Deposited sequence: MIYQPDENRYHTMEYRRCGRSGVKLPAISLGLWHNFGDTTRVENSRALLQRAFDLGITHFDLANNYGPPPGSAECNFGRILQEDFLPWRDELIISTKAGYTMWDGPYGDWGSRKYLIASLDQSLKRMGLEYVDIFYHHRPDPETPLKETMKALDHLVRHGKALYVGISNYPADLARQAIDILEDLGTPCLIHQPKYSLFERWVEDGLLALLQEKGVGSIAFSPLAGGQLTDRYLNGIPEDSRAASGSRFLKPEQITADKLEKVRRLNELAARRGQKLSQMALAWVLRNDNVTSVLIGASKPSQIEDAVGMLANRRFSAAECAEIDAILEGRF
């Protein structure tokens, strides 16, 4: 059938300003890391994107190597965009990235100007776009001068292939250097995409304070620790360790006292200090997107609740 976005999509969703910029992101964003490749059904991928936009999720996050196979999430997103979302493309924030392994050899990974420009050209072709809203350097490249990588980002914005740029997985010291280089170049860093959840709190050691200084936004990836902070395990160590399973059980009892699912409490917790712009979820079914949006109704934490959480995590 012909897709018609829900007319009340902007009524419930909360939009949050992304650092000091003109961009407001939905409090909940959707990532295409899993369930958008050739190994899942396009019927399901389409249903996820339509349910997300109907609930006011305007930001879809991709990367060149998302699938599997690499590049298939960008192709499938490109097809669904052409078929169902073209009249509303200017209502969407689409992102992509380059920095991890995409193709074989010395120019298909890392941070060279060659890789970033060739990869974004590939990404725009797979997605059928003139530009992405945000282009990221996917991870640090310690062996390439940071200035070359940042100058490639500045070039792609000046020559209209990206509206804004970002960095992902950069530690606080490297994030400072990257932000200052981009500011001097005249293309200020819009955003940082770090891993952040109850089980991964490294950004609280300086990065969030630095981004707030510098007026740079942030979007937490793996906010459910890849699905550990859910109902899923309520087992191989890769799935969950014994100590983490005991923490999940105790965190779920606290979520129950609050009248919400563990997943909802875990997402709410990431935004508790109003110093993270958005939470980037993964989803295999539309009910998981509905669950995430349902977190907005119950995302306040008291001093006592934060102490309760820290005590569970200390065990």
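Gaps between the deposited sequence and the modelled coordinates occur at 235 to 249, 331 to 332, listed in sequence order.
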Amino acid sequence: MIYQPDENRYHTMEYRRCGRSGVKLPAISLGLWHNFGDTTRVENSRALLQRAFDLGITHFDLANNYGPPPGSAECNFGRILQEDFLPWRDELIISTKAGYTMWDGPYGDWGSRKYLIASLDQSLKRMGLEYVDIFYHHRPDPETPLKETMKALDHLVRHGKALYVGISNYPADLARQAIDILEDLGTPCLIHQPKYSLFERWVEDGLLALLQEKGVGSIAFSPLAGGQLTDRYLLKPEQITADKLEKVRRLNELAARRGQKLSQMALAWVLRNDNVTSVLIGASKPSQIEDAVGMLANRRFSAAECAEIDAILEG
From here on, numbers count along this sequence of modelled residues.
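Annotation for 136 to 144 versus 91 to 99: the higher mean temperature factor (C-alpha) is found in 136 to 144. Averaged over their C-alpha atoms, the temperature factors of 22 to 30 and 243 to 251 are higher for 243 to 251.
The PDB entry assigns the greatest CA B-factor among 105, 227, 194, 128 to 227. Going by the entry's values, 287 shows the largest Cα B-factor out of 45, 287, 278, 64. Per the PDB record, residue ranking by Cα B-factor puts residue 15 in the lowest third of the chain. Annotation for residue 40: CA B-factor lies in the highest third of the chain's modelled residues. Residue 85: CA B factor lies in the middle third for its chain, per the PDB record.
Residue 162: CA B factor lies in the lowest third for its chain, per the PDB record. For residue 175, the recorded CA temperature factor ranks within the middle third of the chain's modelled residues.
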